[PDB]
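Scroll down for the structure; my scribbles are underneath it.
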Amino acid sequence: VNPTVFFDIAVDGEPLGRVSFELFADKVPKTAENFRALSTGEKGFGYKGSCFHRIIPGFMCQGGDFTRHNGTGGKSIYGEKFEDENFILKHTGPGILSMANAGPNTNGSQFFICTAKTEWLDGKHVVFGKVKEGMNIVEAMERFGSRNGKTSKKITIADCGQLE
Amino acid sequence: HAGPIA
């Protein structure tokens, strides 16, 4: 029953590969259904066309800011932001999909894909999904990142939606 | 500004 969605990544317009995720709607429903609805585009905005503004090798790839494309805003499906669902799931390793907030209870549309164990984020960031396939795509676009998160190339979500 | 830090 756990939704599966995907991202078709491209490096400067040129298609890179597909990355799919399993969303734990059974544990984190509002948070999962938020990501799910934004991956497809069930409301007119969403992750399509948006990019990964912040990428730090060995840490994570952050995207989701479809409105500002910098990390300032972006927005969920419930107006603007919403509270933390819970912290049941932990940042166990690469592939982990977590919400990128700006202080407790400010989950909007932004998220990050882990490329390493980041347990220090446990309790601060809501873990709601994980890459199922395409961890080598996430890793390929990671090299186009940096220390401060600036991307040396324009990594975009060329396409996205729900496979089940 | 949103995002996790190391």
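What's counted below: heavy atoms across the whole structure, side chains too, no hydrogens, waters or symmetry copies. Naming: A, B, ... by sequence-line order, numbering from 1 per chain.
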| query | What is the minimum heavy-atom distance between A:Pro29 and A:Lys27, and which atoms define it? | reply | CD-O, 3.0 Å

| Heavy-atom donor-acceptor pair, A:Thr31 side chain to A:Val28 backbone, under 3.5 Å | no

| request: Could I get the full list of salt bridge (charged side-chain N to carboxylate O under 4.0 Å, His left out) partners for A:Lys30, not counting sequence neighbours? | output: A:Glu83

| field | Interatomic distance, A:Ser98 atom OG to A:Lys90 atom NZ [nearest 0.5 angstrom] | value | 11.5 Å

| request: Would you tell me whether A:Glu22 and A:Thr4 have side-chain atoms, one donor and one acceptor, within less than 3.5 Å of each other? | output: no

| Got a second to check how far A:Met135's CE is from A:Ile113's CD1, nearest 0.5 Å? | 7.5 Å

| request: Using ring-ring contact (aromatic ring centres under 6.0 Å, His included) as the criterion, list what pairs up with A:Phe35, not counting sequence neighbours. | output: A:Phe7, A:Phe21, A:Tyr47, A:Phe111, A:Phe128

| said: Taking salt bridge (charged side-chain N to carboxylate O under 4.0 Å, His left out) as the definition, give me every residue that meets it alongside A:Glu42, ordered by chain and number, with sequence neighbours left out. | reply: A:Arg36

| task | Kindly determine whether A:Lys81 and A:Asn107 satisfy side chain to side chain contact (heavy atoms under 4.5 Å, CB included), including the steps that lead there. | result | CA-CA 5 Å; A:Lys81 307 295 180 299; A:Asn107 302 289; over 6 Å; no

| query | A:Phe66: what forms a ring-ring contact (aromatic ring centres under 6.0 Å, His included) with it, not counting sequence neighbours? | reply | A:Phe45

| query | Do the side chains of A:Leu38 and A:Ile77 get nearer than 4.5 Å, heavy atoms only? | reply | yes

| field | Test item: A:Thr115 and A:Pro57 side chains (from C-beta on) under 4.5 Å apart, heavy atoms | value | no

| When hydrophobic residues are tied together by side-chain contacts of less than 4.5 Å, even through go-betweens, does A:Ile9 share a cluster with A:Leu23? | yes

| query | Which value, rounded to the nearest 0.5 Å, describes the distance between A:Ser146 atom OG and A:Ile56 atom CD1? | reply | 7.0 Å

| Who passes ring-ring contact (aromatic ring centres under 6.0 Å, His included) against A:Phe82, sequence neighbours left out? | A:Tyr78

| message | Donor-acceptor pair, distance only, cut-off 3.5 Å: does the side chain of A:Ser20 make one with the backbone of A:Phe6? | response | no

| remark: All heavy atoms of A:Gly108 vs all of A:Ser76, minimum pair found to be O-CB, 3.3 Å

| task | To the nearest 0.5 angstrom, please state how far the CE atom of A:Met99 sits from the CG atom of A:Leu97. | result | 8.5 Å

For residues 11-19 of chain A, which side-chain donor-acceptor pairs fall under 3.5 Å, sequence neighbours excluded?
residue	atom	partner	partner atom	Å
A:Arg18	NE	A:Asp8	OD1	3.4
A:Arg18	NH2	A:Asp8	OD2	3.1

| field | Pairs meeting criterion salt bridge (charged side-chain N to carboxylate O under 4.0 Å, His left out) with involvement of residues 50-71 of chain A, two or more places apart | value | none

| Say you draw a straight line from CE of A:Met141 to SG of A:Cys61; how long is it, rounded to the nearest 0.5 Å? | 4.0 Å

| message | For the NZ atom of A:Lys117 and the OG1 atom of A:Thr92, what is their distance to the nearest 0.5 Å? | response | 8.0 Å

| said: The criterion is side chain to side chain donor-acceptor pair (under 3.5 Å); which residues satisfy it with A:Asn105, sequence neighbours excluded? | reply: A:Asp84

| query | Please, which pairs that meet ring-ring contact (aromatic ring centres under 6.0 Å, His included) have at least one residue in residues 137-164 of chain A, sequence neighbours excluded? | reply | none

| task | Evaluate the side-chain proximity of A:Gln110 to A:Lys75: yes if any heavy-atom separation is below 4.5 Å, no if none is. | result | no

Give the table of side-chain donor-acceptor pairs shorter than 3.5 Å for residues 148-164 of chain A, with sequence neighbours excluded, one pair per line with atom names and distance.
residue	atom	partner	partner atom	Å
A:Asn148	OD1	A:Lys150	N	3.1
A:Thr151	OG1	A:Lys153	O	3.1

| task | Taking side-chain contact (heavy atoms from CB on, under 4.5 Å) as the test, write out the residues that go with A:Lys130, two or more places apart. | result | A:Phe24, A:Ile96

| field | Listed once per pair and sorted, the ring-ring contact (aromatic ring centres under 6.0 Å, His included) pairs that draw on residues 83-106 of chain A, sequence neighbours left out | value | A:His91-A:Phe112

| task | Report whether A:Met60 and A:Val126 are members of the same hydrophobic cluster (ILVMFWY, side-chain heavy atoms less than 4.5 Å apart, transitive linking). | result | no

